[PDB]
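As a basis for the values below, the full set of heavy atoms in this structure was taken, side chains included, without hydrogen atoms, waters or symmetry mates. Residue numbers run from 1 in the order of the sequence given.
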Amino acid sequence: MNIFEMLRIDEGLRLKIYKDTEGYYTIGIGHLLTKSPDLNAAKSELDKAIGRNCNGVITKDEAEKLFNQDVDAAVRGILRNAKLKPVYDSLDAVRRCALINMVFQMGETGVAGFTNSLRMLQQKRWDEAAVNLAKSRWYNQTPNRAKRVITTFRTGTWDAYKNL
């Protein structure tokens with residue numbers, strides 16, 4: 001298992017514009033298009049992103065391309081972030097994937113907001129951090145996905161995904 005397969009499980013793949021759990025316009029593998037309510041604003045962002053007139057629909061290849069960009073940008077974002085970088089550097093390979101997953105879902109800023117949890121992960125206090133991460137809107141809104149990520153931080157294995 002790797003970051004790509006993990007995220008593909010959590011986000012799914014959709015070739016037509018859709019609304020995410022929060023009601024936002026998304027496409028492909030969790031690629032947010034706009035927080036704007038206008039389907040038209042979404043279609044425009046889409047065309048801008050792909051470089052063609054898509055009319056709200058993309059191919060598998062296009063979805064995967066966006067996905068590669070998004071994962072890359074998530075990693076680079078962590079590395080450039082003063083709060084995130086040190087945590088990432090301290091983690092083992094599997095746990096690093098769990099942090100990337102959070103950043104992909106909620107943006108750098110949002111994850112950087114989890115001050116206490118980040119501190120616990122850095123200290124390698126697995127059980128304590130899992131308990132603290134669960135006390136969040138994130139967990140209450142998307143509990144199955146959050147649990148999977150949390151188990152990953154807790155155990156340092158891919159068990160939560162070997163099911164799926």
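Under the side chain to side chain contact (heavy atoms under 4.5 Å, CB included) rule, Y88 has a single partner from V103, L79, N81, which is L79.
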For residues 39-49, which side-chain donor-acceptor pairs fall under 3.5 Å, sequence neighbours excluded?
unit_1, atom_1, unit_2, atom_2, d
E45, OE1, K48, NZ, 2.9
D47, OD1, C54, N, 2.6

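Applying the side chain to side chain donor-acceptor pair (under 3.5 Å) test to pairs two or more places apart or on separate chains, those with a residue in residues 146-157 are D10-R148, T155-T157, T157-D159. Residue pairs satisfying the ring-ring contact (aromatic ring centres under 6.0 Å, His included) criterion with at least one member in residues 118-146, sequence neighbours excluded, are absent. Sorted by first then second residue, the ring-ring contact (aromatic ring centres under 6.0 Å, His included) pairs that include residues 2-40, not counting sequence neighbours, are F4-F67. Screening residues 53-69 for salt bridge (charged side-chain N to carboxylate O under 4.0 Å, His left out) gives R52-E62 as the qualifying pairs, with residues at least two apart or on separate chains. Evaluation of the ring-ring contact (aromatic ring centres under 6.0 Å, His included) test over residues 144-164, restricted to residues two or more places apart or in two chains, returns none.
No single ILVMFWY cluster, assembled from side-chain heavy atoms under 4.5 Å apart, contains both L121 and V131. Note on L32: it does not cluster hydrophobically with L7, by side-chain heavy-atom contacts below 4.5 Å among ILVMFWY residues. Under a hydrophobic clustering in which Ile, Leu, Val, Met, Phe, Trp and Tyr are joined whenever their side-chain heavy atoms come within less than 4.5 Å, directly or via other members, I78 and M120 fall into different clusters. Note on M1 and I100: same hydrophobic cluster, where clusters join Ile, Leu, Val, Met, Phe, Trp and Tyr whose side-chain heavy atoms are under 4.5 Å apart, directly or indirectly.
Scanning both residues, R96 and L91, for their nearest heavy atoms gives NE-O, 3.0 Å. Listed here is the closest heavy atom pair of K16 and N55: CE-O, 4.0 Å. Considering every non-hydrogen atom in both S117 and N132, the closest pair reads OG-OD1, 2.5 Å. Taking each heavy atom of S90 and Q122 in turn, the nearest pair found is OG-CG, 3.6 Å. Taking both residues in full, the closest heavy atoms of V71 and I3 are given as CG1-CG2, 4.2 Å, listed atom of the first, atom of the second, then distance. Of all non-hydrogen atoms in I150 and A130, the two that sit nearest each other are CG2-CB, 3.4 Å.
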(request) Begin from the C-alpha positions of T26 and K19 and carry the test side-chain contact (heavy atoms from CB on, under 4.5 Å) through to its verdict. (result) CA-CA 6 Å; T26 308; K19 287 189 201 198; over 6 Å; no
(request) Start with the C-alpha gap between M102 and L133, add the side-chain angles, then the distance that decides, and say whether side-chain contact (heavy atoms from CB on, under 4.5 Å) holds. (result) CA-CA 11 Å; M102 295 183 68; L133 280 161; 4.0 Å; yes
(request) Take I58 and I27 through the test side-chain contact (heavy atoms from CB on, under 4.5 Å) and record every step on the way to the result. (result) CA-CA 8 Å; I58 70 176; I27 199 149; 4.0 Å; yes
(request) With salt bridge (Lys or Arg N to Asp or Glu O under 4.0 Å) as the test, would you mind laying out the steps for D89 and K85 before giving the verdict? (result) CA-CA 6 Å; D89 290 339; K85 185 182 194 317; 2.5 Å; yes
(request) Could you check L99 against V111 for side-chain contact (heavy atoms from CB on, under 4.5 Å), going step by step and ending with a plain yes or no? (result) CA-CA 8 Å; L99 191 69; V111 178; 4.1 Å; yes
(request) Kindly determine whether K83 and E108 satisfy salt bridge (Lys or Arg N to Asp or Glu O under 4.0 Å), including the steps that lead there. (result) CA-CA 9 Å; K83 269 105 182 246; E108 211 194 287; over 6 Å; no
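Note that the CZ atom of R119 and the CD atom of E128 stand 10.0 Å from one another [nearest 0.5 Å]. Remark: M106 CE to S136 OG distance equals 7.0 Å, nearest 0.5 Å. Taking CD from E22 and CD from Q105, the interatomic distance works out to 8.5 Å, rounded to the nearest 0.5 Å. In this structure, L118 CG and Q123 CD are separated by 11.5 Å, a value rounded to the nearest 0.5 Å.
No donor-acceptor contact under 3.5 angstrom links the side chains of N140 and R137, judged on distance only.
No more than 12 heavy atoms of other residues, nucleotides or ligands lie within 6.0 Å of NZ in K35, so this atom counts as exposed by the packing criterion.
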